[PDB]
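Single chain ahead, by itself, as structure tokens, in the form deposited in one PDB entry.
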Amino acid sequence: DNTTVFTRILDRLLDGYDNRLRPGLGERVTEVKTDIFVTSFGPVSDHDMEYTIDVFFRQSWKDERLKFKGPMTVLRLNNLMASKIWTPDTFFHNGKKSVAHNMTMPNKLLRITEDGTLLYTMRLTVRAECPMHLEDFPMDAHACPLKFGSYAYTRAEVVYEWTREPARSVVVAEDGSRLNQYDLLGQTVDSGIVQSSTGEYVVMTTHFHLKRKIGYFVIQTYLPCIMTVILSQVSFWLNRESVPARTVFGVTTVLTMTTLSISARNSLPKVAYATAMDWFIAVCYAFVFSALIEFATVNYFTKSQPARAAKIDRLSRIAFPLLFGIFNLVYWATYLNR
């Protein structure tokens, strides 16, 4: 008996109801309130220039055709009632292949208040596009966007708005960070307009600002490269008369940089320009190759101008460490301050 009252209410709402017409068709503009709850900010891929996000995507609008009077003010119905009524055709402009989860049932909710207001949220996983400029790799920062709007209704028919102040209409869960090598500094919420071959559409935009973490590259690339350059400058302290000893010492440090340089480029993403890591490796390769060139000069002057060969090692024991000290001073100050 308690359910037959609500069954007659639902049957009266759908009686003569057309779900192919937006509310207020030909009369007014359908206004849709939107807000997002980011349950997790997924991994960010440099190779594909994309990121994943899992959200609770909520929408709300007014439909005069769904006004009712009964025992309850709000009807919390099954998610299959959503297909019986009209819902907005929201899509993601920069989405790539998103998922609307339906395990174990379609992850949607639909609530109708007695004044016609509808609440329609769903759980989504979106893989969006995030263009990246990797000229400052690995000290780069990015603003990954997320744009959504109507697919078929122009701004003269359907307009989107944020539920609250735009800053408070996108909330990120505290335990949602799935980022490995990035730190999510914050997000900015905005709203724009796009014009296509089929009209003007309202676009709602959110940018998530990320900064890469440099800890991994210091251990793997920067520290081994710095020690190798320091190692190759110990060759200036070996006595000049040990030609077989300095020859092996000088050559094998050049070999070590070659092995380090090649290995560091396996993880570098495929781009057409040189990053901030490439310049460091190229410069650190010049220093190691200059020590070998210096030794060839000192060896050349030995047994012909022994006095001259003694001065070069005095200069190299200071000029080489000092220039590499200046380069690190200019290199780190240039990119960290960005």
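For the two forms, the rigid core is made up of the largest set of C-alpha atoms that agree within 1.5 Å on superposition. Residues carry their position along the shown sequence, with the first being 1.
Absent from the display: the form deposited in another entry. The rest refers to it.
With the rigid core aligned between the shown form and the other one, the listed residues 205, 83, 117, 242 include just one Cα displaced by at least 2 Å, namely that of 242.
When the rigid core is held fixed, the Cα atom of residue 298 travels 2 angstroms or more between the shown form and the other one. Taking the rigid core as fixed, one finds a CA shift for residue 177 smaller than 2 Å between the shown form and the other one. After superposing the rigid core, the C-alpha of residue 233 moves by 2 Å or more between the shown form and the other one.
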